[PDB]
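One structure, pasted below without further comment.
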Amino acid sequence: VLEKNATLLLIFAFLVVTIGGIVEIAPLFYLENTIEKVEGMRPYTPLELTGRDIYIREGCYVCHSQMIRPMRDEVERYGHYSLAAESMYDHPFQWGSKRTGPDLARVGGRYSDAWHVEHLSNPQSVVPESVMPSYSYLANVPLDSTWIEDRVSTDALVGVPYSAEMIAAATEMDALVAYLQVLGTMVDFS
Amino acid sequence: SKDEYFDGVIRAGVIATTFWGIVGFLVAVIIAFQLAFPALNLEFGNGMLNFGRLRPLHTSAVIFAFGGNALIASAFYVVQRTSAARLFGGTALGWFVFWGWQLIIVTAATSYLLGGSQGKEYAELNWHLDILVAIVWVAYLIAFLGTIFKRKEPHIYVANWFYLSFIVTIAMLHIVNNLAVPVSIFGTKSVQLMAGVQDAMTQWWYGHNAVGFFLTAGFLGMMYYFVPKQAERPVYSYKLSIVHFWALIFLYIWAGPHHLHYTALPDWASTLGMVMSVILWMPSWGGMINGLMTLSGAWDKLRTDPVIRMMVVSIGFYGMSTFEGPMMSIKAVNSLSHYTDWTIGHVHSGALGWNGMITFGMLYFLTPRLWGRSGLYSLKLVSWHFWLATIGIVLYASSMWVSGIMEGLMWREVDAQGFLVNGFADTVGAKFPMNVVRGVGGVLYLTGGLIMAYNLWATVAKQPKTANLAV
Amino acid sequence: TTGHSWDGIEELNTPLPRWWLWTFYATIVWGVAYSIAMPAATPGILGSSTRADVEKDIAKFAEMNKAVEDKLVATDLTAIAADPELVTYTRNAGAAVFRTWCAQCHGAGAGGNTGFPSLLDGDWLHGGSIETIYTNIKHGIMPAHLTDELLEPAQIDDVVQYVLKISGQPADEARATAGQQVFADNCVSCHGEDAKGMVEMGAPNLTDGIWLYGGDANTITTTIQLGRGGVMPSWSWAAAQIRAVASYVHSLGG
Ligand code: HEC
Ligand code: HEC
Ligand code: HEC
Ligand code: HEC
Ligand code: HEC
Ligand SMILES: [Cu+2]
């Protein structure tokens, strides 16, 4: 029965619901492949980290994927298919779910900073047909980097290898471009 | 005493359900239009309308605010009646859940456009909001489970199995996926506990199960109460209820990796997701069968009662999506479907067709009763609403399928020489008509929502003091 | 029907639908089969299957189209532009490759825009020869006179006006004398006298017709003030394809 018993039903539900989570999530913490960074890779530089946060704030993810699937055509279009090691540092992970715009994972030099500036400033200007929104404010706002130290410290706590030295050492458009320029670079050079 | 059901909270949640429905769907239409014509985005100045920011607002408002309020109103009404006792938290605990929830949505409205988002889908709100939601949800479970504990009848209606499960699992999912170290006060001024593949897994476990419990299970509870609520008597299958419920509740949690196909996530996990997503097909359909078969003999009612129409059609879309989902969960299919508008097609088929329609019908049924009214102000409007909503959903789905297939194909398509046939821009251009049609379909559905608002309002006007006697 | 009512609702004790049962069981069976077949096997892939299929996809593709690329590679770039077999397939596909990779900077037309060169036309900054174009593609890609004390606020204006005269004829007498003098001193070294320009440097000729580049006096003032600094990213990492593209770009003008 157990129809009648509130506690039993509750307990069984909690138990029934748990198995998939334990089975899928938990073992990942342990598996090395997903944990290991690409050997060459380093953590995001403070400007790039700030830019990544901007990429998050804006909602770039909502149109842009950062995960190259292992198919020939996407390899051809984007580059080497993404590797788990690349995303090891990413709190939170940027893999997309939608590609209104093209995949961003490996823009490890593909465009010049100047291009990125013009495009972000007005995508239509460079790419007339673009659906992408214009982000001119990025030029307007400067970064104080007050918070950057805190952010890196927190990431270190999270496991990112920032040096004490890195924290100490650390426009929005500049940051965004800086971030975009790093993407996927780690694998190619290593 | 207190023999009378506490209609209070259900009334508030119902009205707010309609309100948030309008707000969320309107944002949906607007952002869709933004995809069609980017001008709708502010060119200079981030401002008020920018797609990247608005999108999660649409998401949260539609799911948590609209769907959430629908769930609150429905669960509070349904559990009370199904168990025959007045709500356990009462105005105090339950109303707290109301205001608290309202605060949560309001905070989302302010915070998201402001730019504070974790970037995690369906997770987007900042940590402070996460704590608030955890608190409100905790209160909500105490009220609900308490209501069950206090029940009169020895057995607990299956609808409550679904609601109860939904409650618990969402709480667990929310807490786990939200672990994050706070860097600053808000926005995503927190970084997620996990990273990379692991973060992706936790995210999609959370993300699927969100629709799985929040959108499917809880709504299945709604279906279980409302569909059988009719003049016609018995036709159902209890044993199915049992099999379908447990199997769904168990199997669904495994479905997470289907999002992750052909990604960095390890092959084993992806496969487990695929296999279980396929097994998931059966229980999910068990829900639809249990709902529809109940109607058997009763079908003549469909022409007569539009509320019934809504519930039935709701199940039709539900089954359709619950079929399409398992298919897309196959790696080969996902190979095409992923990152295309098809995913969106799938989402709105379930969203407009299943969730929205059943909640709609649910409200049309309950709101008069809660309001101390025999029925809605105008049945005709419910019918018109039904049509508007149906054509809108179908149009939305069709456009997205065409767009999605076109995109996956165009992206993958290779020439004789082996070169890539289309530029991404070409695919983008191909998508435009799809964007416009989708904008229209969503617009029509939204208009239907407006008609609902008008009708409900008219009915709401009739009586102050609408205690509806004993009940 | 069962004995207990929940507010109105009662439930029939009915059997699970046979088809429903079958489908449920079938899915389960499929799942077990899938797991045995997948990671835990399937034939056709040695070891264990994985995303490894990628290698196979590329490999078969390579077998299928390796010859076309290999034939082209032996041929010189100039030859690969001329020949409609390789040469024509090189323009359409090279043109195919062009759209995917290059079109976003140099235009679908390859006509270019402000800040990016028009590949179609006759004029080449780095040099039009096949080797030059290839080099541009394979290995990828103006001094700030405003600061150099002498140039200043006025010197820049003068040089701008003079260059517009080299390009054509506007009327500003102060902006001309001074500018001629400055150009001969500094600019001429890279752009030459009479602005033929030097391909080696990628210094464009000042004696040009109306192009997409900011001809206006003001725009010239800005480039002279601040200097240029444009990049053509290297396709050697990202990109055989580079060769076909060189053949296509070459074919474009003529
Ligand atoms: C944006 C980052 C570009 C990418 C993508 C492509 N090109 Fe480019 N190219 C770009 C610029 C800004 C310039 C001018 C650089 C300068 O001197 O200031 C160029 C130049 C070339 C040239 C040389 C033209 C000449 O006058 O000699 C060639 C042959 C060329 N680009 C080819 C080319 C190809 C084939 C591309 C796709 C693989 C491509 N470019 C991409 C900017 C950008
Ligand atoms: C939804 C609409 C968006 C938003 C929210 C973002 N982008 Fe994009 N983006 C979009 C489209 C349709 C395109 C293709 C047309 C074009 O190139 O303009 C792009 C393109 C880019 C690119 C170039 C990618 C490439 O060609 O390799 C980049 C680098 C890019 N977008 C960046 C970017 C950033 C940083 C965003 C947040 C500010 C952003 N995009 C949002 C569509 C959309
Ligand atoms: C040495 C290197 C020099 C010096 C001494 C001068 N120029 Fe400039 N110039 C040079 C290059 C390599 C380029 C191309 C820049 C690029 O493509 O990014 C240029 C460009 C110009 C232009 C722009 C042409 C255009 O609009 O596309 C102008 C107007 C120009 N240079 C003028 C100019 C003047 C007036 C100079 C003396 C003050 C001068 N250059 C010096 C290389 C070099
Ligand atoms: C749950 C209820 C729900 C309702 C009701 C709803 N949506 Fe959405 N919408 C979603 C979800 C979930 C997503 C995110 C999809 C994703 O992330 O793949 C979304 C995303 C979107 C997007 C972004 C599409 C893209 O390609 O990025 C648009 C546009 C949209 N919805 C339009 C609409 C319109 C128009 C309506 C008209 C009624 C509507 N929505 C109603 C749930 C809903
Ligand atoms: C709202 C109703 C709804 C129902 C019912 C539903 N899903 Fe979905 N589906 C969604 C949403 C929302 C997303 C988008 C998630 C995202 O943003 O990536 C989605 C996307 C998917 C995708 C594509 C993921 C990707 O990125 O390629 C698959 C596969 C999927 N769901 C499987 C299923 C399965 C399996 C079921 C049931 C057996 C199911 N769906 C039922 C809402 C629903
Ligand atoms: Cu899912």
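Taking the conditions exactly as written (within 14 Å of chain C (Cβ to nearest Cβ), within 23 Å of A:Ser130 (Cα to Cα), over 23 Å from the mean Cα position of the chain (by Cα) and more than 16 Å from ligand 2 (Cβ to nearest atom)), does B:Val421 satisfy them or not? It would help to see each step written out before you state the result.
Working: within 14 Å of chain C (Cβ to nearest Cβ): yes; within 23 Å of A:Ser130 (Cα to Cα): yes; over 23 Å from the mean Cα position of the chain (by Cα): yes; more than 16 Å from ligand 2 (Cβ to nearest atom): yes.
Spelling it out, B:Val421 is indeed within 14 Å of chain C (Cβ to nearest Cβ), within 23 Å of A:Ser130 (Cα to Cα), over 23 Å from the mean Cα position of the chain (by Cα) and more than 16 Å from ligand 2 (Cβ to nearest atom).
What number of residues in the range B:154-179 are more than 14 Å from chain C (Cβ to nearest Cβ) and either surrounded by fewer than 22 Cβ atoms within 10 Å (Cβ to Cβ) or in contact with a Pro (Cβ under 8 Å, 6 or more places away or on another chain) (or both)? Give the steps one after another, and end with the answer.
Filtering the range B:154-179 for residues more than 14 Å from chain C (Cβ to nearest Cβ) gives B:164-179.
Narrowing further to those that are either surrounded by fewer than 22 Cβ atoms within 10 Å (Cβ to Cβ) or in contact with a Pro (Cβ under 8 Å, 6 or more places away or on another chain) (or both): B:168, B:171-172, B:174-176, B:179.
So the answer is 7.
Identify, from the list B:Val428, B:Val414, B:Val382, B:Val471, the residue that is buried (at least 20 other Cβ atoms within 10 Å of the Cβ) and within 14 Å of chain C (Cβ to nearest Cβ). Walk me through how you get there before you give the answer.
On the way: B:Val414 fails: buried (at least 20 other Cβ atoms within 10 Å of the Cβ); B:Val382 fails: within 14 Å of chain C (Cβ to nearest Cβ); B:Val471 fails: buried (at least 20 other Cβ atoms within 10 Å of the Cβ).
Going through B:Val428, B:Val414, B:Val382, B:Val471 in turn, just one is buried (at least 20 other Cβ atoms within 10 Å of the Cβ) and within 14 Å of chain C (Cβ to nearest Cβ): B:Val428.
Away from chain C (no Cβ under 14 Å), over 26 Å from C:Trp19 (Cα atoms) and either crowded, with 20+ Cβ neighbours inside 10 Å or away from ligand 4 (no atom under 16 Å from the Cβ) (or both), is that true of B:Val312?
Working: away from chain C (no Cβ under 14 Å): yes; over 26 Å from C:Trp19 (Cα atoms): no; either crowded, with 20+ Cβ neighbours inside 10 Å or away from ligand 4 (no atom under 16 Å from the Cβ) (or both): yes.
So B:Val312 fails the test.
Then there is this: Which of the following residues is surrounded by fewer than 19 Cβ atoms within 10 Å (Cβ to Cβ) and facing chain B (nearest Cβ under 9 Å): A:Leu31, A:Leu8?
Values: A:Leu8 fails: facing chain B (nearest Cβ under 9 Å).
The unique qualifying residue is A:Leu31.
So B:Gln198 clears everything in (1) more than 22 Å from B:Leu57 (Cβ to Cβ); (2) more than 16 Å from the chain's Cα centre (by Cα); (3) more than 9 Å from chain A (Cβ to nearest Cβ) except one condition, right? Which one?
Among (1) more than 22 Å from B:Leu57 (Cβ to Cβ); (2) more than 16 Å from the chain's Cα centre (by Cα); (3) more than 9 Å from chain A (Cβ to nearest Cβ), the lone unmet condition for B:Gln198 is (3).
Filter the range B:64-112 down to residues that are basic (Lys, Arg) and crowded, with 20+ Cβ neighbours inside 10 Å, then give me how many there are. Steps first, answer last, please.
Going through the range B:64-112, the residues basic (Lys, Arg) turn out to be B:81, B:86.
Then drop every residue that is not crowded, with 20+ Cβ neighbours inside 10 Å, which leaves B:81.
Here the count works out to 1.
Continuing with the same structure: Within the range C:183-247, which helices (runs of 4 or more DSSP H) (wholly inside it) include 2 or more residues that are within 14 Å of chain A (Cβ to nearest Cβ) and either out of contact with any strand residue (DSSP E or B) (no Cβ under 9 Å at 6 or more places or on another chain) or closer than 18 Å to C:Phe116 by Cβ (or both)? It would help to see each step written out before you state the result.
Values: elements: C:188-191, C:217-226, C:235-238.
Per the criteria, C:217-226, C:235-238.
Which one is farthest from the other protein chains (Cβ to nearest Cβ) among residues in the range B:114-138 that are assigned to a helix (DSSP H, G or I) and surrounded by 18 or more Cβ atoms within 10 Å (Cβ to Cβ)?
Kept after step one, since they are assigned to a helix (DSSP H, G or I), are these residues of the range B:114-138: B:114, B:127-138.
Narrowing the set further to residues that are surrounded by 18 or more Cβ atoms within 10 Å (Cβ to Cβ) leaves B:127, B:129-130, B:133, B:136-137.
Values: B:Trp127: 12, B:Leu129: 16, B:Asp130: 13, B:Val133: 18, B:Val136: 20, B:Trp137: 15 Å.
Taking the candidates together, the pick is B:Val136.
Another question, if that's okay. Can you tell me which residues in the range A:124-144 are crowded, with 20+ Cβ neighbours inside 10 Å, away from ligand 4 (no atom under 16 Å from the Cβ) and not hydrophobic (A, V, I, L, M, F, W, C)?
A:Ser134, A:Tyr135
Among the helices (runs of 4 or more DSSP H) contained in the range B:305-409, which hold 2 or more residues that are farther than 24 Å from B:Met282 by Cα and aliphatic (A, V, I, L, M)? Lay out the reasoning, then the answer.
On the way: elements: B:306-328, B:331-337, B:341-348, B:357-370.
Passing ranges, in order: B:306-328, B:357-370.
Could you identify the single residue in A:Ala105, A:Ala164 that is more than 30 Å from B:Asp426 (Cβ to Cβ) and either out of contact with any strand residue (DSSP E or B) (no Cβ under 6 Å at 6 or more places or on another chain) or acidic (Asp, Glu) (or both)?
A:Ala164
Are any residues in the range B:19-59 over 20 Å from B:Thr110 (Cα atoms), crowded, with 18+ Cβ neighbours inside 10 Å and more than 8 Å from chain A (Cβ to nearest Cβ), and if so, which ones?
B:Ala32, B:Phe33, B:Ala36
Residues in the range B:258-287 that are more than 21 Å from A:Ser97 (Cα to Cα) and facing chain C (nearest Cβ under 9 Å): how many? Walk me through it before giving the result.
So the first thing to find is which residues in the range B:258-287 are more than 21 Å from A:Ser97 (Cα to Cα), and the list is B:279-287.
Then keep just the ones that are facing chain C (nearest Cβ under 9 Å); that gives B:279-283, B:285-286.
Residues flagged as more than 21 Å from A:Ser97 (Cα to Cα) and facing chain C (nearest Cβ under 9 Å) within the range B:258-287 amount to 7.
Within the range A:155-172, count every residue that is within 26 Å of A:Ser82 (Cα to Cα) and in a helix (DSSP H, G or I).
Residues in the range A:155-172 being within 26 Å of A:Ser82 (Cα to Cα) and in a helix (DSSP H, G or I): 3 in total.
Can I ask one more? All but one of (1) on the phi > 0 side of the Ramachandran plot; (2) within 14 Å of chain A (Cβ to nearest Cβ) hold for B:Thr343; which doesn't?
(1)
Could you give me the residue pairs with C-beta distances under 6 Å whose first residue belongs to the range B:436-451 and is over 13 Å from B:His348 (Cβ atoms), whose second residue is of a type in the set (D, E, K, R) and more than 10 Å from ligand 4 (Cβ to nearest atom) wherever it lies, and which are 6+ apart or on separate chains?
Hits for this filter: zero, empty list.
I'm trying to understand the selection: among the residues of the range A:15-26, which are under 13 Å from B:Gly256 (Cβ atoms) and surrounded by 15 or more Cβ atoms within 10 Å (Cβ to Cβ)?
Residues satisfying the conditions are A:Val17, A:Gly20, A:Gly21, A:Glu24, A:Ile25.
Take the range A:97-111 and flag every residue that is more than 16 Å from ligand 4 (Cβ to nearest atom), facing another protein chain (nearest Cβ under 7 Å) and surrounded by 21 or more Cβ atoms within 10 Å (Cβ to Cβ).
Across the range A:97-111, the qualifying residue is only A:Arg110.
Something else now. Can you give me the ranges of the helices (runs of 4 or more DSSP H) entirely in the range A:76-152 with at least 3 residues that are within 18 Å of the chain's Cα centre (by Cα) and more than 30 Å from C:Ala62 (Cα to Cα)? Spell out the reasoning first.
Details: elements: A:113-121, A:123-126, A:137-140.
Answer list for the range A:76-152: none.
Of the numbered conditions (1) within 16 Å of ligand 5 (Cβ to nearest atom); (2) facing another protein chain (nearest Cβ under 7 Å), A:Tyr137 fails exactly one; give the number of that condition.
(1)
Looking for something within 11 Å of ligand 1 (Cβ to nearest atom) and farther than 25 Å from A:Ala114 by Cβ - is there at least one such residue anywhere in the range C:101-117?
no
Continuing with the same structure: Find the residue count for the range B:74-89, including only residues that are assigned to a helix (DSSP H, G or I), under 18 Å from B:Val14 (Cβ atoms) and not aromatic (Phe, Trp, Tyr). It would help to see each step written out before you state the result.
To start, the set of residues in the range B:74-89 that are assigned to a helix (DSSP H, G or I) comprises B:74-83.
Those left that are additionally under 18 Å from B:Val14 (Cβ atoms): B:74-82.
Next cut, not aromatic (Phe, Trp, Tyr) only: B:74-75, B:78-82.
Of the residues in that region, 7 qualify.
Within the range B:281-308, work out how many residues are charged (D, E, K, R) and surrounded by 20 or more Cβ atoms within 10 Å (Cβ to Cβ). First the steps, then the outcome.
Keep residues of the range B:281-308 that are charged (D, E, K, R), which gives B:300-301, B:303, B:305.
In the following step, the residues that additionally are surrounded by 20 or more Cβ atoms within 10 Å (Cβ to Cβ) were identified as B:305.
Number of matching residues: 1.
Let me ask something else. Counting only residues that are within 29 Å of C:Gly179 (Cβ to Cβ) and of a type in the set (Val, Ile, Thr), which one in the range C:220-254 is nearest to ligand 4 (Cβ to nearest atom)?
Only one residue fits best here, namely C:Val231.
Wholly within the range C:12-115, which helices (runs of 4 or more DSSP H) include no fewer than the required count, namely at least 1 residues that are within 30 Å of B:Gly286 (Cα to Cα)? Reasoning before the result, please.
Details: elements: C:18-37, C:53-74, C:77-82, C:89-92, C:94-101, C:103-106.
Qualifying helices (runs of 4 or more DSSP H): C:18-37.
With ideal geometry, Cβ positions are generated from the backbone for all residues, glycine too; neighbour counts draw on all protein chains shown. FYI, it's all coordinate maths here, none of it is from the lab.
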